[PDB]
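Here's a solo chain for you in structure tokens, the form deposited in one PDB entry.
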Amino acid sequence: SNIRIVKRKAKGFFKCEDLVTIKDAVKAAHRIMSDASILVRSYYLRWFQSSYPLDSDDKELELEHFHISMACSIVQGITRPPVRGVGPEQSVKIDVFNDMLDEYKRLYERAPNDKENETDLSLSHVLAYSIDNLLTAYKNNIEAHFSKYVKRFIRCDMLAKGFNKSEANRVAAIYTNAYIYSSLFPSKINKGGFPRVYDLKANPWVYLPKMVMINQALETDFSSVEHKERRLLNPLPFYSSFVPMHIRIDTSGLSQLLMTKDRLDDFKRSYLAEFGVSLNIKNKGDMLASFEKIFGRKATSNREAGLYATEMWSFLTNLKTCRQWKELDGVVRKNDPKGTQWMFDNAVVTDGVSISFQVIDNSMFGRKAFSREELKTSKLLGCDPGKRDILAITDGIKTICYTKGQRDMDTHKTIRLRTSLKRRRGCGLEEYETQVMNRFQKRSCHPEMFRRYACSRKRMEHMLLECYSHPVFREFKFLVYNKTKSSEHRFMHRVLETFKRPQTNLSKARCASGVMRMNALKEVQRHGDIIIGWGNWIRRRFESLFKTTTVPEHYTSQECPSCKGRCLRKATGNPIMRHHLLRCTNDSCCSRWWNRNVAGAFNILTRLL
């Protein structure tokens, strides 16, 4: 793709006349999608328990756009089947709507009322992306995580039968690879004979019921197995968060959310005065007609049509008058090899606090359509990634680590947890959220169990949504974006300064080799003149300043800097098994004590040299 974003704050971009609508739209969109996703998930379970396994001439259920859209209509209180016209295929849609509506009645333990969920926002286009994004989540989850279900039912079966844990993984690993070329898998789909991996991409819906079946077995069938080995997966994703999610607003979405006939006529009057061309727009329905109908003639180029959207954005928003216009007015960054010129793409993603402007190359702007020797001179460093010590970088004589605690302090994790708990406690949800919803597992695939979670939440949905609608939760989301870059960038500057100057001490370290000693003395004045040797495994934001290379990680944690043999082992003989403390097993060592980061980082640098 050729799309980039400029994430900033939403203040001032939307006029005060429409700021209330945008924030309310975000709340409404989250409520509709969050409830609709649960209804869709429950509806799928209804089908699974009522029609799985299928008959010889029955089709495996495939979710589409209209399934989720109907769920949104049901959540909004719509009882009339939202189907256009009468026909064979349209008849199927009407029947599907009735099935979902009946399930909605069963899901909640009281009679639905129409005038308890009514809304006055035209979120039809805004909700479309959440429908597509949710639908894509189902496909992504099936394709990228189905193998995990395969490697878990077999593992649980082996454990349930008393076999050793080590052998269970052996059987599961071999079985999964073999099936790439026993009832957990569907019949081979591709008639061309390609491996099963191609079939998974060809049709994800066929494999979706298989995951649901596996989850049911984990909850009840494998009772004897320890719970730690039966962590439930989520075959059917749904929006479980209560903090409002970011909505996507396009030219069509913005056009119908913040316009009326009185305002629409103003746009025509303003457009006529500035451009002198009358627009063939009669009402809010014909507003989004094609360029040919609006002007009566085809645009000279796609750019001309795109510019029409930009002008409409200007009338509805402060795109050309707000602070953020500095970064959107054809800004060309200094060091782009191609000299790309970036301009607003007529698309914005926002949640009422943070705003994400879409910016694309000027050449491609318009309406869219459906579809080696540097090692000698550079200074070399070794790096060993992790998850507690995120990065451990050493020059062979000294080491610096980017500990997870450093990022937490930079991102103010303790305060964010402190503030979030206080708001939850203040609203009285602490005695309910931690006590009730924690027991009923939301991942449960049993309709009875999942229904209990759904209705239990519904009794406190109003309180829960309002508590998390506070801007503090969304403001923290921007802080982590802001401070996370600061923490990483700040460490990058430290990396240069530490190794920028020749080492002033060369005696305290003993085991350093001659080649490594020479490297440490090099003087470097630029970020790009330092090469860091990374492992096979944050690096994306390090390559912008520091050149990088890959070093094998084979036995890096066992080999000793002092010896060709792996004489290192975890510390022993002390009251507590200290986490990363390492000690040699023999006296033939220039150094006895070692740390995992120092020892691991040293080996990576040594292999590079």
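Position 1 is the first residue in the sequence shown; the rest follow in order. Here, rigid core means the biggest group of C-alpha atoms that superpose within 1.5 Å across both forms.
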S371-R372 interval: deposited residues absent from the model: 10 or more
Where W537 meets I538 in the shown sequence, the number of deposited residues left unmodelled: 10 or more
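Note that the form deposited in another entry isn't included here; everything after this is about it.
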Rigid-core-referenced C-alpha movement of 2 Å or more between the shown form and the other one, selected from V480, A173, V472, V331: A173
After fitting the core, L19 CA displacement of 2 Å or more between the shown form and the other one: no
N164 C-alpha relocation of at least 2 Å between the shown form and the other one, rigid core basis: yes
Threshold 2 Å Cα movement between the shown form and the other one at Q49, rigid core reference: yes
